[PDB]
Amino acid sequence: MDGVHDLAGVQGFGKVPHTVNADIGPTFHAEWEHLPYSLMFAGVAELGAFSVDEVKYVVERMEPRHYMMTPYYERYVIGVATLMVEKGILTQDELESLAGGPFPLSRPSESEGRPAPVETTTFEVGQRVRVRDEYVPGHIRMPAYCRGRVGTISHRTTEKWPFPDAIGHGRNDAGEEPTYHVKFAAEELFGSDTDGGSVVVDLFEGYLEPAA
């Protein structure tokens, strides 16, 4: 999904709000902040109601301006709440009644997702690959900066995981795939407009194809 969450390479932001080794304060800065992750895990591990992938996608589905003005941990409150409503566990009524006011949720999905691809290639360390030039309206773990770009394989994972584009929508056809550390030259991604060396993206097999 080509959402505003796909931030890498966006220009116009100011300084990162940190200097190295500065005090970051406590893990949680407010008494509710442990709730989003805890309740995510309740949903995943205890209820079996959704995957972590579905959490990532439901946050991507926040209305874009809402996403942009919402602090991090609040986005996951919104996202977990949304999934609990969508899965029929909770109602928005009861959430707003208990909150004592408005509790807007992420927007409905506009895609049913897609299955794990049936045709993929097992790549080897040192191989050259291209990121498939595809557009996925639902969830995908491919930042747009690397779409259609060429890099080289630095690692093939020894484990395999469900294809995000499927389980992120709660589908039954996510299969399993390894992922690959794909090393791109900075100039491949941003031309002359970068001060970097290389960028390594951890890409599902189904996002990749052999380079020409």
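Numbering starts at 1 and runs along the sequence shown.
- Higher mean CA temperature factor, per the PDB entry, when comparing 52-60 with 145-153: 145-153.
- Look at the mean CA B-factor for 76-84 and for 92-100 in the entry; the higher one is 92-100.
- The PDB entry assigns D2 a C-alpha temperature factor belonging to the lowest third of its chain's modelled residues.
- In the PDB entry, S111 places in the middle third of its chain by CA B-factor.
- Per-chain ranking of the deposited C-alpha B factor places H139 in the lowest third.
- The entry lists a Cα temperature factor for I24 that places it in the highest third of the chain's modelled residues.
- Annotation for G191: C-alpha temperature factor in the middle third relative to the rest of the modelled chain, per the entry.
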